[PDB]
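These notes are about the structure you will find just below.
Number of protein chains: 4
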Amino acid sequence: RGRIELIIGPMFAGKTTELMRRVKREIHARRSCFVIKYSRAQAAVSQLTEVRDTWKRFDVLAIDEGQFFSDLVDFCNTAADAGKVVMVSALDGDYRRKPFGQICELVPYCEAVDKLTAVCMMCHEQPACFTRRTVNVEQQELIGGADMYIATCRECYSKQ
Amino acid sequence: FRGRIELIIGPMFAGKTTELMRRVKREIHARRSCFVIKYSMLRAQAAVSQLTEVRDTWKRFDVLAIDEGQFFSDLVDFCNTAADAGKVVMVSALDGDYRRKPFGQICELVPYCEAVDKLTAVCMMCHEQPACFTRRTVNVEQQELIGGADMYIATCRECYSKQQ
Amino acid sequence: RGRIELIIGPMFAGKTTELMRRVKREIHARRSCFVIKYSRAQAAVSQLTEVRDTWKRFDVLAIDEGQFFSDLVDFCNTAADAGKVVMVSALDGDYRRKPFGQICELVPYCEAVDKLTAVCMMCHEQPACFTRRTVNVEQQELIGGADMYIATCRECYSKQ
Amino acid sequence: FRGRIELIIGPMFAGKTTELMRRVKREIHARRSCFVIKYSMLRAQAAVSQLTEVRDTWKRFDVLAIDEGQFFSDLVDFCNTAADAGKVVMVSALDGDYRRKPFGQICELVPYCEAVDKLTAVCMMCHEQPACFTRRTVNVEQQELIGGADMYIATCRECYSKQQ
Ligand SMILES: Cc1cn([C@H]2C[C@H](O)[C@@H](CO)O2)c(=O)[nH]c1=O
Ligand SMILES: Cc1cn([C@H]2C[C@H](O)[C@@H](CO)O2)c(=O)[nH]c1=O
Ligand SMILES: Cc1cn([C@H]2C[C@H](O)[C@@H](CO)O2)c(=O)[nH]c1=O
Ligand SMILES: Cc1cn([C@H]2C[C@H](O)[C@@H](CO)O2)c(=O)[nH]c1=O
Ligand SMILES: [Zn+2]
Ligand SMILES: [Zn+2]
Ligand SMILES: [Zn+2]
Ligand SMILES: [Zn+2]
């Protein structure tokens, strides 16, 4: 009775809000959730290995920014097979729409995948599924918000 | 270039209001103006017992978010008027009461909606099954009894029909 | 481990195709499905009462055109509480967008509700959620297809 | 007035192809022209081992439906080209192989999709749990081995890791 659930989409689609909705949901039913942020129980780390066997002591595991963790697949699968509810929120693509981190390897292991949309910040009348980086950096990992990224539809992604 | 009605339903503690607000924050981010109507340049939060206490205010916004849509008697016409004026109308509401009887005007609204999403909670009794109904814990009959976890729990089908 | 699932939307949204998808799905896993059409096992009736306790002898019950059955709620709930998977495909609204049959009473009893869309037959570039009747009849129950009905978006529903 | 990519994924016997065709029949009904590309005025069904065996034919239609999208190596660019030309591109495909390894080009395609829907089947072993993976029943290693229930079954997580 364990599983893996994936929440994907561009930035400003409310993925993290949605992940936390699912958590608050479990918390109300007295189910114990362990929230792992990148860097009720809220740990912050750069790799999931830093969390020991701590996850074993909870019912649900919530992983935000799942993309930045290199061991995402095996960690999740181990947790899932131990009877945990694993929930991941993550960008499916980078600012170039290249597969981001380990997410695409995780999809075949998921029993649920939900792709959320944002609203397009350029035409403001179309659902947004991609992220455009506004600054001139190349490196894929560049943490930040609306100062560095904007969400767009297909038309606006290609238009200047 | 069009308007619409979106409905968000399910039992209590399914995160319906969180979800409604997700959709709002989403619009706010794209500089679209949202008008939030709770029961009792870009973001406005009015609190009302009947929707037509708003008159034409809604016209001055892009999106209308109605929380607890069930408690409003004129929900259908208000929404349809807004939808036909090219507004994005979003309603969060209980589809059923503590008895699983149709709650307010929601079921009239479904045929007018272009989207309906039913959210689930987790069952507060067996804690290992998705919850779709609301059970009242106190011993009161009146349908409208505003409150939280002190008076209500969300449950699956098995636990709804059972005690303790 | 029983439940009620509702599939709604206008005509030509593929509701019946979707219901049958869910059936074929169960059939492959050797789960027994009982299909009740209005008028693997396929019975045809004007009221669900005509089906005796036959439903007890199956795992899944599929009800197409659920709107036309007056005892839809109690029948489904009885089946659900007996541990059956009940699946209903039905119009949520009539040609006037008035609640059709018993469906709206059924929603509070459902653990899943999925609303499908069609494509708008007038503007042909917008998702359709309503049905327009093309003939001049008033009676809500008038069985037929594209000769008598067309699916539309909101704009086209009100336009001549 | 725009184009897009839609992806339909899940294990075998989830009704992915039925679903793809639902979406097609839907378009056909509204007089929109669909071009169905299977592997190996309004409706056309071509059968191909590489998508660019189609050249420009796709330009003469509104919608492109690609079944078994996994077996095509140029899936991403073909779809994106079509999407950017204002086509509605619809792909049905296995996200994973019998080993749950990424199947073909699908995982590259996800970041380009505006919709992704993952369907489930029913587990052929325990018969009371939703199935999200495909188990191969025969004793073959090669990834591409076309066939049906004689060679594959769909399973939940528990049954995937267990025998018989
Ligand atoms: C789009 C994108 C976001 N990010 C970052 C910005 C955010 O802090 C986080 C997503 O929530 O990831 C990247 O590192 N690379 C990318 O390509
Ligand atoms: C289920 C249910 C909820 N409520 C109220 C309690 C909460 O204050 C509110 C949930 O937003 O709905 C009723 O008044 N009656 C009911 O039957
Ligand atoms: C829209 C509509 C359809 N129908 C019929 C036509 C179809 O045969 C069936 C829906 O599949 O119901 C009605 O009886 N009343 C209505 O209002
Ligand atoms: C899961 C899986 C399916 N298939 C094929 C079998 C079927 O003919 C086809 C399903 O449409 O995919 C493979 O070739 N390899 C695999 O690993
Ligand atoms: Zn745009
Ligand atoms: Zn329960
Ligand atoms: Zn239209
Ligand atoms: Zn199983």
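Sequences listed follow chains B, A, B' and A', in order. A prime marks a further copy of an entry chain. Here the first sequence stands for residues 3 to 41, 60 to 180, numbered as in the deposited numbering. Here the second sequence stands for residues 2 to 41, 58 to 181, numbered as in the deposited numbering. Here the third sequence stands for residues 3 to 41, 60 to 180, numbered as in the deposited numbering. Here the fourth sequence stands for residues 2 to 41, 58 to 181, numbered as in the deposited numbering. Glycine included, C-beta positions come from ideal geometry on N, C-alpha and C.
query: Taking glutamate 28/A as the reference, which of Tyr177/B, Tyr115/B, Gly11/B and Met141/B has the closest Cα?; result: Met141/B
query: Nearer than 7 Å: is that true of the beta carbon of residue 50/A relative to any heavy atom of ligand 2?; result: Coordinates for residue 50/A are absent, as chain A skips straight from 41 to 58.
query: Any heavy atom of ligand 5 closer than 7 Å to the CB of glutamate 175/B?; result: yes
query: With distances taken Cα to Cα, identify the nearest neighbour of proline 12/B' among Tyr169/B', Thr151/B' and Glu145/B'.; result: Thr151/B'
query: With 8 Å as the C-beta to C-beta threshold (strictly closer), list the residues of the region 125-137 of chain B near chain A' in chain order.; result: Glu125, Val127, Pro128, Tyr129, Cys130, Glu131, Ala132, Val133, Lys135 and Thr137
query: Confirm the yes/no value for this check: CB of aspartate 167/A', any heavy atom of ligand 4, distance under 7 Å.; result: no
query: Beta strand (DSSP E) containing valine 155/B': first to last residue?; result: Note, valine 155/B': premise wrong, no beta strand (DSSP E); not H, not E.
query: Please confirm if the region 77-85 of chain A' is in contact with the region 153-160 of chain B', defined as three or more CB-CB distances below 8 Å between the two stretches.; result: no
query: Quick check: what's the CA-CA separation for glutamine 67/A' versus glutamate 20/B'?; result: 30 Å
query: If we ignore side chains and look at the alpha-carbon of each, how far apart do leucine 136/B and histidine 144/B' end up?; result: 26 Å
query: What three-state label does DSSP hand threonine 98/A in the structure shown?; result: helix
query: Listed in chain order, which residues of the region 10-41 of chain B have Cβ atoms closer than 8 Å to some Cβ of chain A?; result: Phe14, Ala15, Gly16, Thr19, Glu20, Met22, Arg23, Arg24, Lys26, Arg27, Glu28, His30, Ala31, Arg32 and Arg33
query: Looking at C-beta atoms only, is the number of pairs between the region 89-103 of chain B and the region 94-105 of chain A' that lie closer than 8 Å three or more?; result: no
query: When DSSP labels each residue in this structure, what does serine 109/B' get in the three-state scheme?; result: strand
query: With 16 as the cutoff for other CB atoms within 10 Å, does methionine 22/A come out buried or exposed?; result: buried
query: Kindly indicate if chain B' contains any beta-carbon less than 8 Å away from that of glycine 121/A.; result: no
query: Give a single yes or no on whether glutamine 67/B' has its beta carbon closer than 7 Å to a heavy atom of ligand 3.; result: no
query: Quick check: is the beta carbon of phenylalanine 2/A nearer than 8 Å to any beta carbon in chain B?; result: yes
query: Please classify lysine 104/B: is it buried, with 16 or more other beta-carbons within 10 angstroms of its beta-carbon, or exposed?; result: buried
query: Kindly list, in the order they appear in chain A, the residues whose Cβ is closer than 7 Å to that of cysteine 173/B.; result: Within chain A, no residue comes near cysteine 173/B; the closest Cβ sits about 11 Å away, beyond 7 Å.
query: Quick one: residues in its chain with C-beta nearer than 6 Å to the C-beta of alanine 64/B', no 5 flanking neighbours on either side, listed in chain order?; result: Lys39
query: Apart from the five residues on each side of it in sequence, which residues of its chain come closer than 8 Å, Cβ to Cβ, to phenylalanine 120/B'?; result: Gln87, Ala110, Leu111, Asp112, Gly113, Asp114 and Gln160
query: Count the other CB atoms within 10 Å of the CB of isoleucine 83/A; is the residue buried (16 or more) or exposed (fewer)?; result: buried
query: Taking only runs that begin and end inside the region 121-175 of chain A', name each unbroken alpha helix (DSSP H) of 4 or more residues, in chain order.; result: 123-126
query: Does chain A have any CB closer than 8 Å to the CB of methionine 141/B?; result: yes
query: Is DSSP giving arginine 60/A' helix, strand or coil here?; result: strand
query: Considering only DSSP beta bridges, list what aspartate 84/A is partnered with.; result: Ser109/A
query: Nearest to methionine 107/A by alpha carbon, out of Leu81/A, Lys179/A and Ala138/A?; result: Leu81/A
query: In chain B, which residues lie with their C-beta within 9 Å of the C-beta of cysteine 96/A'?; result: Neighbours of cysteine 96/A' on chain B: none; closest Cβ ~12 Å, over 9 Å.
query: To the nearest angstrom, how far is the alpha carbon of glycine 165/B from that of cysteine 130/A'?; result: 22 Å
query: Does the beta carbon of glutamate 7/B' come closer than 8 Å to any beta carbon on chain A'?; result: no
query: Indicate whether at least one CB of chain A lies closer than 8 Å to the CB of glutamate 85/B.; result: no
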